[PDB]
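Below you'll find only one chain, the form deposited in one PDB entry, shown as structure tokens.
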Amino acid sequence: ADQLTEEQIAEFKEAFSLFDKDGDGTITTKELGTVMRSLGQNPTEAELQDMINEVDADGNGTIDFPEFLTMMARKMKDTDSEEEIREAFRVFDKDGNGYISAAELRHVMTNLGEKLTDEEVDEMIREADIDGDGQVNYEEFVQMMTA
């Protein structure tokens, strides 16, 4: 499957829910801005609206799941994925040492709306640590952020 699967749709819904923090079924400029700040970007008002406008098929000013899914499923050009992942690493690696610690991971995840347990943080670190050196580096993060 290059094709859209039920599993993929369910994963995209889980991602949608991370944006739609009030659970009302639509992502507002306020909700999009909050997630972007958690990931280290402070978008302007017009950037948020201009971005929403490009995918806002029904013209209501906010993004519903159908619109989000269409965006995520699309066969695309210039997705900015590699560069966005590179940039996102910076909020994880807050001390700039090139590695994401357990504490660092826990901090970003809390900002994204989690309350992860110690076991989950430790498991997330261990899973990413494919070279087995005890730590999580940039290339390891990249593999997790395309899993």
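The term rigid core refers to the most C-alpha atoms you can superpose between the two forms while keeping them within 1.5 Å. For every residue, the number given is its place in the sequence shown, counted from 1.
Below, we turn to the form deposited in another entry, even though it does not appear here.
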Core superposition between the shown form and the other one, C-alpha change of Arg86 at least 2 Å: yes
Did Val55 shift 2 Å or more between the shown form and the other one, C-alpha, core superposed: no
Exceeds or equals 2 Å, Cα of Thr26 between the shown form and the other one, core fit: no
Inter-Cα distance between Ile52 and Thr79 in that other deposited form, nearer or further [3 Å or more]: farther
Cα-Cα shift for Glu84 and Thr62, closer or farther in that other deposited form, minimum 3 Å: farther
